[PDB]
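What follows is a set of notes on a single structure, which appears directly below.
Read the figures in this text as sums done on the coordinates, not as results from a lab. Reconstructed Cβ throughout: ideal geometry from the backbone, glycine too, with neighbour counts over all protein chains shown.
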2 protein chains.
Amino acid sequence: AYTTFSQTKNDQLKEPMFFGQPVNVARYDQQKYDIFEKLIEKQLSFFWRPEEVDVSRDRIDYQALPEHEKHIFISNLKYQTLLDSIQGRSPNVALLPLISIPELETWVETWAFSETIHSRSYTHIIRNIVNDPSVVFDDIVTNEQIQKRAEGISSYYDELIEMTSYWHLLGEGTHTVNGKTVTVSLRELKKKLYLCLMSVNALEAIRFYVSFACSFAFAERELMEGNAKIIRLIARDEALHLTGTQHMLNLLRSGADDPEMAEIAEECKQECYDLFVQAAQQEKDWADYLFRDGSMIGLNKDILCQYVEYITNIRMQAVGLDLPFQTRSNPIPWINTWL
Amino acid sequence: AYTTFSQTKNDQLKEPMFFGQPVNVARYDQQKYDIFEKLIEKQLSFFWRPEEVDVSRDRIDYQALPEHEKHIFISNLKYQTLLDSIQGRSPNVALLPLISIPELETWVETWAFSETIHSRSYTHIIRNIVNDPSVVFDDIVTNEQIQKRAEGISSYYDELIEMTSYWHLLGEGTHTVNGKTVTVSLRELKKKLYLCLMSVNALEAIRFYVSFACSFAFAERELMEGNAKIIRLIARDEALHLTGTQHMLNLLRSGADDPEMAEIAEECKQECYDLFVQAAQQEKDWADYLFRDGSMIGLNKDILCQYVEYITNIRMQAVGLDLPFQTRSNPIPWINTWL
Ligand SMILES: [Fe+3]
Ligand SMILES: [Fe+3]
Ligand SMILES: [Fe+3]
Ligand SMILES: [Fe+3]
Ligand SMILES: [Hg+2]
Ligand SMILES: [Hg+2]
Ligand SMILES: [Hg+2]
Ligand SMILES: [Hg+2]
Ligand SMILES: [Hg+2]
Ligand SMILES: [Hg+2]
Ligand SMILES: [Hg+2]
Ligand SMILES: [Hg+2]
Ligand SMILES: [Hg+2]
Ligand SMILES: [Hg+2]
Ligand SMILES: [Hg+2]
């Protein structure tokens, strides 16, 4: 099945990104796809430490905020914390067992590691703005609106992990387990990986960017500036993360890496399109919870729905999907200052 | 049955280190065991970029070494590369799916990430001292003596991963899989995890230190200074890695974590002892291959064997095991200069 060191001498430049021979030697002198080595290098060059960021005035700014604005700020922060709690562990548990080229294996571990720094930075902000961090952290697990917004993220990863385990343990075929038939299909597993990767692309390229707009709207008012510095560093990493999944996805659909993946991508076009639209819809719906007690200068439900549509169109076009929304200019040009 | 975001609001201070509820929120404001938070902080404080190290003179030094010394140097470097290729991926694929406290989850992902930096450093050295790095990397996979020295490392992680997949898919019990009766015992899986940790302790605390001694024998000669700087950085990280497994193991033994793990540590102590004795013998057996073309002043089979016994006793005492070897003073006190 899976092995931590395949003892067969293989040409790593000829393996597919996924489902080939597990990576044996970790070497970085050559790559099948140099984009992953470039991303590792850039991400290492961007290494930062959350505690090195001064967030000393954020507590008073937060206290002075009108209650509905405290609500907008903390709800957004809790969602960011939820997403990166998932992103810290999931690329490793879900992708590493399936990767067959070294540069992509190490990119995934570097990416996941950088997510743990993001999680540490959210703890740094939370500890410096509320008296008791535990209230904030526990609300993340059970918050109904947060889970509604992130609904389906852990399920894609979880289903891919389960199917990967069946494939590694039993291989392809029609099997039986305790009186039940269990069918294992590599094609279906490739489809699950493709859709999980598309979901991860929507997560980092759309969901987090909507959250960045919220955070930076405060920075525009010269408030929560410690948080702003941290989100700026996080967004700089996120740009690398979404670049990585865009390249994975485009290499999978072009047919240049795995012909079967190309057929899959085509067969999955409609499903993928609607999943992206569903993610956008979940982000829009979050607006009713976010602005339940009123809006803020530079940020309201309508400007956010417009930004969600703007960014979704850009991201979908980048991975070859049709645009679901009417084309428009960036509704919040000021955000470019921060990204 | 594994999930990337467990939906139950649990008190993370009361979960066992392993086999409890998978970690949902990644928070760092509190810890069941602060030693793992301190290790994360120390490892982040040591962050280093391999490519920045000047290895421009190592090529001149290496090409001018007598052939047998080239053999000693490169055989040692190839073994280091093998071990960290395994260490880069294995803590994430084998341990991460079993961790139930956030500070340990993030420590494992940071530890694994730091190992990919070690691998990157071996590529930096190799590509700058030989003309065809591929011959070196391919030999790591096919070299009989290198694989004999490492025998049992990958297979142990692999067996743990397989048993973990059966547990996550089927749960405890006696099952019928393709007409075969398969027993899934959580106690047996705990024993496998426990002994995997003991094996990883021997790997980083003994096997890598014997290799560091070989590398530093060249630094004592005022040669391979780029390599020397890198191995010094690697050893500083390795000290944190073995500290982490010593604490995981000693906390389990104490009975202050999962009580079943304290029972297992006592019941399995002869197996703990046996795996250290076997690893020490593999490290000694390597000397015949390492010095097949001749030895060096101050570095030969006898000296290597004395050091293996010396360091093995120190590491076994640190986790509560009886000493297999006669007591002796350090046979290579010059190594302290470098560590
Ligand atoms: Fe992130
Ligand atoms: Fe990210
Ligand atoms: Fe290492
Ligand atoms: Fe290590
Ligand atoms: Hg994914
Ligand atoms: Hg996913
Ligand atoms: Hg927002
Ligand atoms: Hg927003
Ligand atoms: Hg598609
Ligand atoms: Hg999609
Ligand atoms: Hg809209
Ligand atoms: Hg192990
Ligand atoms: Hg040695
Ligand atoms: Hg033991
Ligand atoms: Hg000896």
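Exactly one residue among A:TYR194, A:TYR209 is in contact with a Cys (Cβ under 8 Å, 6 or more places away or on another chain) and either away from ligand 12 (no atom under 16 Å from the Cβ) or closer than 24 Å to A:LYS42 by Cβ (or both), and that residue is A:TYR194. Within the stretch B:324-339, being surrounded by 13 or more Cβ atoms within 10 Å (Cβ to Cβ) and either in a loop (DSSP other than H, G, I, E, B) or polar (S, T, N, Q) (or both) holds for B:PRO324, B:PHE325, B:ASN330, B:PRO331, B:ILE332, B:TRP338, B:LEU339.
Go through (1) surrounded by fewer than 18 Cβ atoms within 10 Å (Cβ to Cβ); (2) of a type in the set (S, T, N, Q); (3) within 20 Å of the chain's Cα centre (by Cα) and name the single condition B:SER215 misses. So B:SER215 meets the others, but not (1). B:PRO259 fulfils the conditions (1) surrounded by fewer than 17 Cβ atoms within 10 Å (Cβ to Cβ); (2) farther than 23 Å from B:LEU77 by Cβ; (3) in contact (Cβ under 8 Å) with a residue 40 or more places away in the chain except for a single criterion, (3). As for the stretch B:170-188, it holds no residue that is touching a residue at least 40 places away in the same chain (Cβ under 8 Å) and crowded, with 19+ Cβ neighbours inside 10 Å. Scanning the stretch B:77-105 for residues that are among the small types (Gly, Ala, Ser) and either assigned to a loop (DSSP other than H, G, I, E, B) or more than 16 Å from B:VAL200 (Cα to Cα) (or both) returns a single hit, B:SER100.
Against the numbered list (1) within 9 Å of chain A (Cβ to nearest Cβ); (2) in contact (Cβ under 8 Å) with a residue 12 or more places away in the chain, B:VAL55 comes up short only at (1). In the stretch A:286-308, is there at least one residue being within 16 Å of ligand 10 (Cβ to nearest atom) and over 23 Å from A:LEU189 (Cα atoms)? Checking the stretch A:286-308: at least one residue is within 16 Å of ligand 10 (Cβ to nearest atom) and over 23 Å from A:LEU189 (Cα atoms). Among the helices (runs of 4 or more DSSP H) confined to the stretch B:143-235, the ones with at least 3 residues that are within 13 Å of chain A (Cβ to nearest Cβ) are located at B:144-150, B:153-170, B:186-202. For the stretch B:11-30, a residue qualifies if it is facing chain A (nearest Cβ under 7 Å) and surrounded by fewer than 22 Cβ atoms within 10 Å (Cβ to Cβ), and exactly one does: B:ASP29. Among the candidates B:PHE47, B:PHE73, B:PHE113, the residue that is out of contact with any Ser or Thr (no Cβ under 7 Å at 6 or more places or on another chain), of a type in the set (A, V, I, L, M, F, W, C) and at the interface with chain A (Cβ under 10 Å from one of its Cβ atoms) is uniquely B:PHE47.
Results for (1) part of a loop (DSSP other than H, G, I, E, B); (2) over 15 Å from B:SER211 (Cα atoms); (3) within 18 Å of the chain's Cα centre (by Cα), shown as yes or no for each residue.
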site: B:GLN281; (1), (2), (3): no, no, yes
site: B:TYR289; (1), (2), (3): no, no, no
site: B:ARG292; (1), (2), (3): yes, yes, no
site: B:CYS305; (1), (2), (3): no, no, no
site: B:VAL308; (1), (2), (3): no, no, yes
site: B:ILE311; (1), (2), (3): no, no, yes
site: B:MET316; (1), (2), (3): no, yes, yes
site: B:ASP322; (1), (2), (3): yes, yes, no
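Does A:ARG232 count as within 14 Å of A:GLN80 (Cβ to Cβ) and in contact with a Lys or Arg (Cβ under 9 Å, 6 or more places away or on another chain)? So A:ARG232 does not fit the description; no. Across the stretch A:117-128, not a single residue is classified as small (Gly, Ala, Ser), more than 8 Å from chain B (Cβ to nearest Cβ), outside any helix (DSSP H, G or I) and over 14 Å from the mean Cα position of the chain (by Cα).
Please state which one of B:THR106, B:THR8, B:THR81, B:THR3 is facing chain A (nearest Cβ under 10 Å), farther than 25 Å from A:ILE117 by Cβ and either of a type in the set (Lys, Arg) or buried (at least 17 other Cβ atoms within 10 Å of the Cβ) (or both).
Step by step, each of B:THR106, B:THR8, B:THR81, B:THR3 is checked, and only B:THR81 is facing chain A (nearest Cβ under 10 Å), farther than 25 Å from A:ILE117 by Cβ and either of a type in the set (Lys, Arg) or buried (at least 17 other Cβ atoms within 10 Å of the Cβ) (or both).
Could we say that A:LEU96 is farther than 20 Å from A:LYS14 by Cα and aliphatic (A, V, I, L, M) here? The answer is no for A:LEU96. Is it the case that some residue within the stretch A:241-263 is within 14 Å of chain B (Cβ to nearest Cβ), outside any helix (DSSP H, G or I) and either away from ligand 6 (no atom under 14 Å from the Cβ) or β-branched (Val, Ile, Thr) (or both)? Scanning the stretch A:241-263 turns up no residue that is within 14 Å of chain B (Cβ to nearest Cβ), outside any helix (DSSP H, G or I) and either away from ligand 6 (no atom under 14 Å from the Cβ) or β-branched (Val, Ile, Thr) (or both). Every condition in (1) away from ligand 8 (no atom under 16 Å from the Cβ); (2) more than 22 Å from A:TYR122 (Cα to Cα) holds for A:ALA279 except the one numbered (1). Taking every residue in the stretch A:14-36 that is farther than 21 Å from A:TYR2 by Cβ and pairing it with any residue that is part of a loop (DSSP other than H, G, I, E, B), at least 6 positions away or on another chain, the pairs with Cβ-Cβ distances below 8 Å are A:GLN30/A:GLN12; A:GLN30/A:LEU13; A:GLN31/A:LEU13; A:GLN31/A:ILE101; A:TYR33/A:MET17; A:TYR33/A:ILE101.
For the stretch B:53-76, a residue qualifies if it is closer than 15 Å to B:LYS229 by Cα and not in a helix (DSSP H, G or I), and the qualifying residues are B:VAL53, B:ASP54, B:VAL55, B:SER56, B:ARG57.
Could you grab me the full set of residues in the stretch A:25-52 that are more than 21 Å from A:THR116 (Cα to Cα) and either outside any helix (DSSP H, G or I) or among the basic types (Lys, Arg) (or both)? Residues satisfying the conditions are A:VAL25, A:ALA26, A:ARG27, A:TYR28, A:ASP29, A:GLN30, A:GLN31, A:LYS32, A:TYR33. Going by the structure shown, is B:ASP237 under 20 Å from the mean Cα position of the chain (by Cα), away from ligand 12 (no atom under 16 Å from the Cβ) and surrounded by 19 or more Cβ atoms within 10 Å (Cβ to Cβ)? It is true that B:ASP237 is under 20 Å from the mean Cα position of the chain (by Cα), away from ligand 12 (no atom under 16 Å from the Cβ) and surrounded by 19 or more Cβ atoms within 10 Å (Cβ to Cβ).
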